[PDB]
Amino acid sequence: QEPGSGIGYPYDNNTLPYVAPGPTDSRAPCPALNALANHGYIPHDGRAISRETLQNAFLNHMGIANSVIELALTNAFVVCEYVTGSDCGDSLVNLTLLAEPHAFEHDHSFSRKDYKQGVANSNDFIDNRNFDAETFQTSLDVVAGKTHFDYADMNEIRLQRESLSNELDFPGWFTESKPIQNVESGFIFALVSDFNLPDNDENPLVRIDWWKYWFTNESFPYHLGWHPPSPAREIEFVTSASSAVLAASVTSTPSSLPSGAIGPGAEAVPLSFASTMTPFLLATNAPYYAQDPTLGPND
């Protein structure tokens, strides 16, 4: 928000306004990076981004500690080198390259389509990067009529997304990615679980309105009473939440799940790509921004 607004106070004492991305700005497949860029906490153009820029932006503006993004930073820079063909040093070339498929970006996202979702021909690909309202509605439908949801509900949401994606993706494309997705499941609990409930750390419940505002608007739900978690969330919370999601008993089983979907997931580790492997072409779509309604500087 505008710095003088005080909307972030006393959790964020140095806010900057929301500014929609323009057609030449680079955006990510990540709702967090996109919100940061929209506020200029990382470059508004989404280009030339250092590790420390990311660390400070997450810590000071989202209540997300450095530990939470240590592996994400490693993976971002691995993917930058893979996509561009050269070491990116400590200047991430842009955010858009993070949507390189079957890499850091993965299938069965909560709010993005898959790279070969619903394509008629094998060489086709689509926008697997920008927020997609219909896809996100398939996630939200699992918790329809509710204000909050728990680990078991999140497990059901990701299973629904895996089912749909395995059915809809071009044959042979779908590749399950429980380790990365469920770090992201943990990120959702870390950012938008309801810290106003007494037992949030033992038993976090996502506020659906906060989640929907963050994802749809790629800005922060201050108007709904959200603020950055304080103290900042640490990695322990995120991987515990990830494990709890996958450990939760499944009471409704969609059809068409890949083998081993129900059960624990592997620990996330650094990505690596063969030097001979050429990257898949990135989707070239202009960055998404919310239009129904458009957002003002304080939204």
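For every residue, the number given is its place in the sequence shown, counted from 1.
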Taking the recorded C-alpha temperature factors, which stretch has the higher mean, 16 to 24 or 273 to 281? 273 to 281
On mean Cα temperature factor in this entry, is 35 to 43 or 262 to 270 the higher one? 262 to 270
Quick one: which of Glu105, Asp90, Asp201, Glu184 has the biggest Cα B-factor according to the entry? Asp201
Per the PDB entry, which option out of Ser111, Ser86, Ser193, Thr96 has the greatest Cα B factor? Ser86
Lowest, middle or highest third - CA B-factor, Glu218: lowest
Can you tell me which third, lowest, middle or highest, the CA B-factor of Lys146 falls into for its chain? highest
Chain-relative C-alpha B factor for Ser230 (record values, thirds): the highest
Just say lowest, middle or highest third for the CA B-factor of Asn130 relative to the other modelled residues in its chain. lowest
Mind checking which third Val250 falls in for C-alpha B-factor across the chain? highest
